[PDB]
């Protein structure tokens, strides 16, 4: 049995599907999009029985800027780790993670995160992988709080437009909005979301995927919406195989800090959902939310669908 770097994305996608595909159906298009476009120091280490892949770990160190933020090289990530069901409890997971962790630690990592990377597949350890929590505990990861993906069927319900002060207006992004959008993100969301707007617009995100809220001529918030015409496959639609026809998704969404708590996020969400509804979307996801924000989406009939546990190892 040998541990070595692996390049065959198709073998990895198949092992993924065979083992967890019922709840996290992967495809090669998604896998390639997220692995290839990632800008971090990244690697896939495989475990092999002769020519046969029997396990893999995908892992990263934070080495590329996030908008205006410098990378923090002390942070590394376990994107994913799967050992094939016929080869469990032989120490292969341990070997794979020993290798990955040792590499990361030797390049200066002090904090190891389960998921939550750029171009992640998971915000944390999925509930469907709850038995792995013990695997991670044995290695010194600490189990923290939860994040959720929410689901709802926007075709089944109608809501009254929430009330708002005069002077605000929501519309799908137009090409001439790009400069205003970027100025707004540099001001209000100048880390990860800024970085993602920069990068995602280079690999197929289109203006039709973005909804903007303005106060008069100024951009004061946005959402990213998804349907089956989106070219860029973002987190709300990763698991689109589970969502049926006319799937969609919404996330992230953000309102300038000075404008928060006046009902403008509710208005943006409402109008974004109306857009999707008129696009004939049915089941759709809201990705990677926190418990205290579920009810914001809940009032629009979204419910928790998937849960992920944050988990962190501090290097001694």
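Numbering follows the first chain given and starts at 1. Heads up, when I say rigid core I mean the largest set of C-alphas that superpose within 1.5 Å between the two forms.
Asker: Fitting on the core, do the C-alphas of 158-166 or of 195-203 deviate more in 5 other deposited structures of this protein?
Answerer: Between 158-166 and 195-203, the one lying farther away in 5 other deposited structures of this protein is 158-166.
Asker: Between 109-117 and 199-207, point out the one with the higher average CA B-factor as the PDB entry records it.
Answerer: Higher mean C-alpha B-factor in the PDB entry: 199-207.
Asker: Could you check which stretch, 167-175 or 132-140, carries the larger mean CA temperature factor in the entry?
Answerer: For C-alpha atoms only, the mean B-factor is higher in 167-175.
Asker: Say you rank 94, 72, 79, 188 by Cα B-factor from the PDB entry; which sits at the top?
Answerer: Highest C-alpha B-factor among the listed options: 188.
Asker: If I read the C-alpha B-factors straight from the PDB entry, which of 222, 182, 147, 87 is highest?
Answerer: Largest recorded C-alpha B-factor: 182.
Asker: What third of its chain's C-alpha B-factors does residue 18 belong to: lowest, middle or highest?
Answerer: CA B-factor rank for residue 18: middle third.
Asker: Within this chain's modelled residues, let me know which third the CA B factor of residue 42 belongs to: lowest, middle or highest.
Answerer: Within its chain, residue 42 is a middle-third residue by C-alpha B-factor, going by the deposited values.
Asker: Going by the CA temperature factor in the PDB record, which third of the chain does residue 264 belong to: lowest, middle or highest?
Answerer: Highest third, going by the recorded CA B-factors of the chain.
Asker: Mind checking which third residue 61 falls in for C-alpha B-factor across the chain?
Answerer: Lowest third of the chain for residue 61's C-alpha B-factor.
Asker: Taking only the Cα B-factors deposited for this chain, tell me whether residue 236 sits in the lowest, middle or highest third.
Answerer: It belongs to the lowest third of the chain when residues are ordered by C-alpha B-factor.
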